[PDB]
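One-letter residues, chain by chain:
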Amino acid sequence: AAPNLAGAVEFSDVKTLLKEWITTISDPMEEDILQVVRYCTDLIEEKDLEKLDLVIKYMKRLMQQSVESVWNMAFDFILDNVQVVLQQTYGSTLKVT
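Residues numbered from 1 in each chain as written, not as in the entry; some residues may be left out. Heavy atoms only, no water.

Looking at the entry header, you'll see X-ray crystallography listed as the method and 2.7180 Å as the resolution.

As annotated in the PDB entry, the chain is DNA repair protein REV1 from Mus musculus.

Structure representation (structure tokens):
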């Protein structure tokens, strides 16, 4: 099975799904955070760094617009984990600006 978050394969559906998650939920669950990390990890393993970047970039925009402190930290946590995987897989970290 191709990398998916909660069943959503196409980036269109992932966007909608993540948009709902961040805006609707006020305090994210740890399991949801980990599924997002797991998903990002799977993009790397299946050699789809384009979509990874698209996903990271989108989450950054929404989680940093969020006045909810917890989302700001949630993005940092997600990105830290992704960077570890990239460090071991490629010996480099993702350029994020």
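Attention now moves to the environment of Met73. Mapped onto the fold, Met73 is located in helix α4 (residues 69–90). Spatially, the C-alpha atom of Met73 lies 27 Å from that of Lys47, the residues being 26 residues apart in sequence. (Helix = DSSP H or I, 4+ residues; strand = E, 2+ residues; numbered from the N terminus.)

It is the contact of helix α3 (residues 49–65) with α4, at a shortest axis distance of 9 Å, that shows an interaxial angle of 160°. Here α3 is positioned roughly antiparallel relative to α4, judged by the angle of their axes. Here the hand of the crossing between α3 and α4 comes out left-handed. Residue-level contacts link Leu49, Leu52, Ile56, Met59, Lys60, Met63 and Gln64 of α3 to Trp71, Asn72, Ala74, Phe75, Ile78, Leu79, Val82, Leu86 and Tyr90 of α4. Across the contact of α3 with α4, the residue classes tally to 13 nonpolar, 2 polar and 1 charged. (Axes fitted to C-alpha atoms, helices over the stretch in contact; angles between N-to-C directions. Parallel < 35°, antiparallel > 145°, perpendicular 65-115°, else oblique. Left-handed = near helix turned anticlockwise from the far one by under 90°. Contact = heavy atoms within 4.5 Å. Nonpolar A, V, L, I, M, F, W, Y, C, P; charged D, E, K, R; others polar.)

Now for the nonpolar core. Grouped together as the largest cluster of nonpolar side chains are 30 residues, with contacts concentrated most on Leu18, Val55, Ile56, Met59 and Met63. For this core, the elements supplying multiple residues, two or more each, are α1 (11–24), α2 (30–45), α3 and α4. Of the residues forming this core, the biggest block, 8 residues, is contributed by α4. In this structure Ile56 touches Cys40, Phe75, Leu79, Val82, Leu94 and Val96, once residues within four positions along its chain are discounted. (Core = buried A, V, L, I, M, F, W, Y, C linked by side-chain atoms within 4.5 Å. Buried < 20%, exposed > 50% of the residue type's maximum accessible area, 1.4 Å probe, protein only.)

Compared with the 24 Å implied by 1.5 Å per residue over 17 residues, the 24 Å span of α3 between its first and last C-alpha is a close match. Of all the positions in α3, only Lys51, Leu52, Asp53, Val55, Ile56, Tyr58, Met59, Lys60, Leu62 and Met63 are classed as buried. In this structure, the buried residues of α3 make contact with α1, α2 and α4. (Expected span 1.5 Å × (residues − 1).)

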